[PDB]
Structure formats: structure tokens, C-alpha cells
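For reference, run27.pdb is printed below; it contains PDB, C-alpha atoms (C1' of nucleotides).
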```pdb
MODEL        1
ATOM      1  CA  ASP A   1     118.469  95.167 112.872  1.00  0.00           C
ATOM      2  CA  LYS A   2     114.874  93.757 112.712  1.00  0.00           C
ATOM      3  CA  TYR A   3     114.158  92.689 109.076  1.00  0.00           C
ATOM      4  CA  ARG A   4     110.324  92.289 109.665  1.00  0.00           C
ATOM      5  CA  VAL A   5     107.381  92.404 112.146  1.00  0.00           C
ATOM      6  CA  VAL A   6     103.993  90.606 112.060  1.00  0.00           C
ATOM      7  CA  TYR A   7     100.911  92.861 112.605  1.00  0.00           C
ATOM      8  CA  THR A   8      98.185  92.155 115.194  1.00  0.00           C
ATOM      9  CA  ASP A   9      94.990  90.717 113.582  1.00  0.00           C
ATOM     10  CA  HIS A  10      93.277  93.938 114.860  1.00  0.00           C
ATOM     11  CA  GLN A  11      95.858  95.964 112.811  1.00  0.00           C
ATOM     12  CA  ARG A  12      95.362  93.580 109.845  1.00  0.00           C
ATOM     13  CA  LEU A  13      91.541  93.720 110.335  1.00  0.00           C
ATOM     14  CA  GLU A  14      91.338  97.549 110.182  1.00  0.00           C
ATOM     15  CA  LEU A  15      94.040  97.744 107.445  1.00  0.00           C
ATOM     16  CA  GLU A  16      92.096  95.242 105.310  1.00  0.00           C
ATOM     17  CA  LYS A  17      88.666  96.852 106.019  1.00  0.00           C
ATOM     18  CA  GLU A  18      90.055 100.155 104.452  1.00  0.00           C
ATOM     19  CA  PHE A  19      91.358  98.348 101.305  1.00  0.00           C
ATOM     20  CA  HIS A  20      87.654  97.496 100.707  1.00  0.00           C
ATOM     21  CA  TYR A  21      86.827 101.290 100.781  1.00  0.00           C
ATOM     22  CA  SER A  22      89.692 102.319  98.391  1.00  0.00           C
ATOM     23  CA  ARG A  23      92.701 100.373  96.966  1.00  0.00           C
ATOM     24  CA  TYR A  24      94.493 103.779  97.424  1.00  0.00           C
ATOM     25  CA  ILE A  25      95.021 106.015 100.528  1.00  0.00           C
ATOM     26  CA  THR A  26      94.485 109.794 101.034  1.00  0.00           C
ATOM     27  CA  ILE A  27      97.455 111.398 102.933  1.00  0.00           C
ATOM     28  CA  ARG A  28      94.729 112.297 105.511  1.00  0.00           C
ATOM     29  CA  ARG A  29      93.550 108.700 106.068  1.00  0.00           C
ATOM     30  CA  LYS A  30      97.197 107.471 105.663  1.00  0.00           C
ATOM     31  CA  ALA A  31      98.020 109.562 108.794  1.00  0.00           C
ATOM     32  CA  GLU A  32      94.479 109.315 110.383  1.00  0.00           C
ATOM     33  CA  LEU A  33      94.882 105.471 110.371  1.00  0.00           C
ATOM     34  CA  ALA A  34      98.678 105.385 111.004  1.00  0.00           C
ATOM     35  CA  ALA A  35      97.919 107.004 114.404  1.00  0.00           C
ATOM     36  CA  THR A  36      94.787 105.001 115.432  1.00  0.00           C
ATOM     37  CA  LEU A  37      96.635 101.704 114.563  1.00  0.00           C
ATOM     38  CA  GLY A  38      99.911 103.132 115.942  1.00  0.00           C
ATOM     39  CA  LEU A  39     102.108 102.619 112.852  1.00  0.00           C
ATOM     40  CA  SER A  40     104.399 104.816 110.669  1.00  0.00           C
ATOM     41  CA  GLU A  41     102.668 106.456 107.667  1.00  0.00           C
ATOM     42  CA  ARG A  42     105.496 104.796 105.575  1.00  0.00           C
ATOM     43  CA  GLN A  43     104.149 101.430 106.774  1.00  0.00           C
ATOM     44  CA  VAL A  44     100.438 102.034 105.922  1.00  0.00           C
ATOM     45  CA  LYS A  45     101.902 103.211 102.537  1.00  0.00           C
ATOM     46  CA  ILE A  46     103.795  99.969 101.684  1.00  0.00           C
ATOM     47  CA  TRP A  47     101.010  97.742 103.171  1.00  0.00           C
ATOM     48  CA  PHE A  48      98.540  99.271 100.623  1.00  0.00           C
ATOM     49  CA  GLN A  49     101.179  99.036  97.841  1.00  0.00           C
ATOM     50  CA  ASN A  50     101.740  95.326  98.702  1.00  0.00           C
ATOM     51  CA  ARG A  51      97.967  94.663  99.239  1.00  0.00           C
ATOM     52  CA  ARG A  52      97.280  95.746  95.622  1.00  0.00           C
ATOM     53  CA  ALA A  53      99.987  93.303  94.247  1.00  0.00           C
ATOM     54  CA  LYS A  54      98.042  90.524  96.084  1.00  0.00           C
ATOM     55  CA  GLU A  55      94.649  91.461  94.492  1.00  0.00           C
ATOM     56  CA  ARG A  56      96.602  91.714  91.159  1.00  0.00           C
ATOM     57  CA  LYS A  57      98.206  88.213  91.686  1.00  0.00           C
ATOM     58  CA  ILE A  58      94.832  86.631  92.742  1.00  0.00           C
ATOM     59  CA  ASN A  59      92.952  88.365  89.857  1.00  0.00           C
ATOM     60  CA  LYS A  60      95.537  87.186  87.247  1.00  0.00           C
ATOM     61  CA  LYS A  61      94.936  83.531  88.372  1.00  0.00           C
ATOM     62  CA  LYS A  62      91.104  84.051  88.760  1.00  0.00           C
ATOM     63  CA  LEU A  63      91.515  84.212  84.946  1.00  0.00           C
ATOM     64  CA  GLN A  64      91.417  80.351  84.865  1.00  0.00           C
ATOM     65  CA  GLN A  65      89.680  80.603  81.377  1.00  0.00           C
ATOM     66  CA  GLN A  66      89.530  76.721  81.252  1.00  0.00           C
TER      67      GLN A  66
ATOM     68  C1'  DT B   1     108.554  66.734 112.420  1.00  0.00           C
ATOM     69  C1'  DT B   2     110.533  68.715 108.342  1.00  0.00           C
ATOM     70  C1'  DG B   3     111.690  70.517 104.292  1.00  0.00           C
ATOM     71  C1'  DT B   4     109.710  72.960 101.073  1.00  0.00           C
ATOM     72  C1'  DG B   5     106.371  76.179  99.154  1.00  0.00           C
ATOM     73  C1'  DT B   6     103.612  80.176 100.032  1.00  0.00           C
ATOM     74  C1'  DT B   7     102.625  84.642 102.702  1.00  0.00           C
ATOM     75  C1'  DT B   8     103.885  88.782 104.995  1.00  0.00           C
ATOM     76  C1'  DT B   9     107.074  93.008 106.133  1.00  0.00           C
ATOM     77  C1'  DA B  10     110.271  95.730 103.784  1.00  0.00           C
ATOM     78  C1'  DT B  11     113.883  97.944 100.738  1.00  0.00           C
ATOM     79  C1'  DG B  12     115.969 100.096  96.424  1.00  0.00           C
ATOM     80  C1'  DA B  13     115.416 101.109  91.262  1.00  0.00           C
ATOM     81  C1'  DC B  14     113.144 103.580  88.243  1.00  0.00           C
ATOM     82  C1'  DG B  15     108.990 106.142  86.449  1.00  0.00           C
ATOM     83  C1'  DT B  16     104.899 109.475  86.348  1.00  0.00           C
ATOM     84  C1'  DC B  17     102.761 113.556  87.680  1.00  0.00           C
ATOM     85  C1'  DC B  18     100.610 119.783  86.931  1.00  0.00           C
TER      86       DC B  18
ATOM     87  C1'  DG C   1     109.686 119.058  94.716  1.00  0.00           C
ATOM     88  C1'  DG C   2     108.730 115.705  96.360  1.00  0.00           C
ATOM     89  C1'  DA C   3     104.423 112.227  96.739  1.00  0.00           C
ATOM     90  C1'  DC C   4     103.220 108.351  95.470  1.00  0.00           C
ATOM     91  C1'  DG C   5     102.961 104.232  91.792  1.00  0.00           C
ATOM     92  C1'  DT C   6     104.868  99.792  89.731  1.00  0.00           C
ATOM     93  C1'  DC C   7     108.392  96.450  90.385  1.00  0.00           C
ATOM     94  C1'  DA C   8     112.208  92.256  91.388  1.00  0.00           C
ATOM     95  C1'  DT C   9     113.785  90.627  95.550  1.00  0.00           C
ATOM     96  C1'  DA C  10     114.921  89.252 100.385  1.00  0.00           C
ATOM     97  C1'  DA C  11     114.184  87.260 104.362  1.00  0.00           C
ATOM     98  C1'  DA C  12     111.308  86.322 108.671  1.00  0.00           C
ATOM     99  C1'  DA C  13     106.872  83.575 109.617  1.00  0.00           C
ATOM    100  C1'  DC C  14     103.637  80.275 108.522  1.00  0.00           C
ATOM    101  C1'  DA C  15     101.151  75.920 106.567  1.00  0.00           C
ATOM    102  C1'  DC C  16     100.976  71.686 105.854  1.00  0.00           C
ATOM    103  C1'  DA C  17     101.907  66.717 102.548  1.00  0.00           C
ATOM    104  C1'  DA C  18     105.694  63.179 102.918  1.00  0.00           C
TER     105       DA C  18
ENDMDL
END
```

The structure given in the file should be rewritten as C-alpha cells.
Amino acid sequence: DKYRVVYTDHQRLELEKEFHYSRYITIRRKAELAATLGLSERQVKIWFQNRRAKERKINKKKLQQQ
DNA sequence: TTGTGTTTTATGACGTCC
DNA sequence: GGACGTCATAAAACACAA
């Protein structure tokens, strides 16, 4: 049992650089990237799902209004 | 330190789509 | 179908005032 794993900065770099392109992932690029960053398509799926919840959580607060 | 507060992987529940 | 989307949540991993 291994609950979690941290991702190399290079994996986090590329992953993040795609989020900038689209907050959503084509099954092509899901798999195209999965392979070039050596990670399960299911992973690149959840990372993008999670990444959005961050932008959502930042953006909510960036509504400081005050 | 350290303890405590936030950030990063990850899963299951349930929902939407022609 | 059957792929993905949101979630509430858990726990490893990290950051950093006292």
C-alpha cells in the first residue's frame, strides 16, 4: 500500500504548462502526455481535475471585494 | 524543533452527456 | 456505455511562527 507519491518538478513543470493551454485534456493529449511524462492516464486525469479545484479555490479568494 | 496549518496525491459518491 | 465532471475527504509531504 502506497497512499501517495510526489511528482518530479519536471513532471509538475510539464503538467502545469499544459493547464495553461487548456484547463481540460483531450484523450489524445491525456495519453500523449501520460507516456512522455511516464504516468498512468488515470493520474494525468485526476491531476487536471485537482488542478482546476485549486484555480477555483484561488479565484474564490481573489474575490477580496474589500 | 515542533505542532499545526496548508498543499499535494488519491479514492468513492453521485451526476451529466447524444 | 462508459468518459469524464464536480465533490467531501484522507493521509503523506511540506512550510514555517512560537

Against chain A, which residues of chain C fall within 9 Å? For each one I want the closest pair of atoms and the distance in Å (one decimal), counting all atoms listed in the file, rows by chain and increasing residue number, as a Markdown table.
```
| residue | atom | partner | partner_atom | distance |
| --- | --- | --- | --- | --- |
| C:4 | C1' | A:45 | CA | 8.8 |
| C:5 | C1' | A:49 | CA | 8.2 |
| C:6 | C1' | A:49 | CA | 8.9 |
| C:11 | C1' | A:3 | CA | 7.2 |
| C:12 | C1' | A:4 | CA | 6.1 |
| C:13 | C1' | A:6 | CA | 8.0 |
```

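Among the candidates A:50, A:65, A:26, A:11, the residue lying nearest to residue B:7 is A:50 (atoms considered: all atoms listed in the file).
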
Checklist outcome for this item: In Å and to one decimal, atom CA of residue A:48 is distant from atom CA of residue A:19 by 7.3 Å

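Within the file as shown, the PyMOL selection byres ((chain B) within 12 of (chain A)) identifies residues 7, 8, 9, 10 and 11 of chain B.
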
Item to check | Result set, the PyMOL selection byres ((chain B and resi 4) around 12) on current file, as a PyMOL selection string | outcome: (chain B and resi 2-3+5-6) or (chain C and resi 15-18)

Item to check | Selection result of the PyMOL selection byres ((chain A and resi 15) around 9) on this file, as a list in words | outcome: residues 10, 11, 12, 13, 14, 16, 17, 18, 19, 33, 37, 44, 47 and 48 of chain A

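Across the model, the gap from atom CA of residue A:58 to atom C1' of residue C:8 is 18.3 Å.
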
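The interatomic distance for the pair atom CA of residue A:60 and atom CA of residue A:21 works out to 21.4 Å.
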
Could you put an axis-aligned box around every listed atom of chain C, padded by 5 Å on each side, and send me its centre and edge lengths in Å to one decimal, as JSON?
```
{"center_x": 107.9, "center_y": 91.1, "center_z": 99.7, "size_x": 23.9, "size_y": 65.9, "size_z": 29.9}
```

Atom completion result for stretch 39-57 of chain A (N, CA, C and O atoms) as an mmCIF file, in the frame of the given file:
```
data_model
loop_
_atom_site.group_PDB
_atom_site.id
_atom_site.type_symbol
_atom_site.label_atom_id
_atom_site.label_comp_id
_atom_site.auth_asym_id
_atom_site.auth_seq_id
_atom_site.Cartn_x
_atom_site.Cartn_y
_atom_site.Cartn_z
ATOM 1 N N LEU A 39 101.047 103.039 113.790
ATOM 2 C CA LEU A 39 102.108 102.619 112.852
ATOM 3 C C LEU A 39 102.522 103.779 111.960
ATOM 4 O O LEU A 39 101.690 104.636 111.717
ATOM 5 N N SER A 40 103.779 103.763 111.509
ATOM 6 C CA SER A 40 104.399 104.816 110.669
ATOM 7 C C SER A 40 103.577 104.957 109.390
ATOM 8 O O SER A 40 103.146 103.919 108.836
ATOM 9 N N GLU A 41 103.371 106.193 108.940
ATOM 10 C CA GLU A 41 102.668 106.456 107.667
ATOM 11 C C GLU A 41 103.385 105.635 106.590
ATOM 12 O O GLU A 41 102.682 105.036 105.778
ATOM 13 N N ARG A 42 104.725 105.535 106.622
ATOM 14 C CA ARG A 42 105.496 104.796 105.575
ATOM 15 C C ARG A 42 105.013 103.344 105.501
ATOM 16 O O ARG A 42 104.917 102.769 104.401
ATOM 17 N N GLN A 43 104.717 102.781 106.656
ATOM 18 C CA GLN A 43 104.149 101.430 106.774
ATOM 19 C C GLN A 43 102.805 101.383 106.045
ATOM 20 O O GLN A 43 102.689 100.650 105.046
ATOM 21 N N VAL A 44 101.793 102.085 106.542
ATOM 22 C CA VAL A 44 100.438 102.034 105.922
ATOM 23 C C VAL A 44 100.596 102.258 104.420
ATOM 24 O O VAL A 44 99.749 101.799 103.697
ATOM 25 N N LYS A 45 101.639 102.959 103.978
ATOM 26 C CA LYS A 45 101.902 103.211 102.537
ATOM 27 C C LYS A 45 102.193 101.877 101.863
ATOM 28 O O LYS A 45 101.389 101.465 100.999
ATOM 29 N N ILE A 46 103.296 101.249 102.259
ATOM 30 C CA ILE A 46 103.795 99.969 101.684
ATOM 31 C C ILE A 46 102.721 98.894 101.849
ATOM 32 O O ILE A 46 102.535 98.133 100.894
ATOM 33 N N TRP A 47 102.029 98.814 102.989
ATOM 34 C CA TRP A 47 101.010 97.742 103.171
ATOM 35 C C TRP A 47 99.996 97.797 102.022
ATOM 36 O O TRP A 47 99.643 96.698 101.496
ATOM 37 N N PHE A 48 99.547 99.008 101.667
ATOM 38 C CA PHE A 48 98.540 99.271 100.623
ATOM 39 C C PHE A 48 99.176 98.963 99.270
ATOM 40 O O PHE A 48 98.496 98.440 98.358
ATOM 41 N N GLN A 49 100.466 99.249 99.130
ATOM 42 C CA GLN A 49 101.179 99.036 97.841
ATOM 43 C C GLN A 49 101.257 97.541 97.557
ATOM 44 O O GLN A 49 100.933 97.137 96.413
ATOM 45 N N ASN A 50 101.697 96.805 98.586
ATOM 46 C CA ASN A 50 101.740 95.326 98.702
ATOM 47 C C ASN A 50 100.327 94.775 98.521
ATOM 48 O O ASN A 50 100.161 93.891 97.679
ATOM 49 N N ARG A 51 99.342 95.243 99.293
ATOM 50 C CA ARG A 51 97.967 94.663 99.239
ATOM 51 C C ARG A 51 97.501 94.602 97.781
ATOM 52 O O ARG A 51 96.944 93.550 97.372
ATOM 53 N N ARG A 52 97.747 95.675 97.026
ATOM 54 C CA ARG A 52 97.280 95.746 95.622
ATOM 55 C C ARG A 52 97.921 94.598 94.846
ATOM 56 O O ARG A 52 97.143 93.872 94.223
ATOM 57 N N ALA A 53 99.252 94.403 94.926
ATOM 58 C CA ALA A 53 99.987 93.303 94.247
ATOM 59 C C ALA A 53 99.332 91.959 94.577
ATOM 60 O O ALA A 53 99.245 91.126 93.656
ATOM 61 N N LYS A 54 98.811 91.766 95.793
ATOM 62 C CA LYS A 54 98.042 90.524 96.084
ATOM 63 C C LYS A 54 96.796 90.489 95.178
ATOM 64 O O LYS A 54 96.676 89.532 94.361
ATOM 65 N N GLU A 55 95.899 91.469 95.283
ATOM 66 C CA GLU A 55 94.649 91.461 94.492
ATOM 67 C C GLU A 55 95.054 91.246 93.030
ATOM 68 O O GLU A 55 94.416 90.435 92.375
ATOM 69 N N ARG A 56 96.124 91.875 92.555
ATOM 70 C CA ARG A 56 96.602 91.714 91.159
ATOM 71 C C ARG A 56 96.932 90.237 90.904
ATOM 72 O O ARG A 56 96.399 89.663 89.903
ATOM 73 N N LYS A 57 97.747 89.634 91.780
ATOM 74 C CA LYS A 57 98.206 88.213 91.686
ATOM 75 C C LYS A 57 97.022 87.251 91.800
ATOM 76 O O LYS A 57 96.999 86.308 91.002
#
```
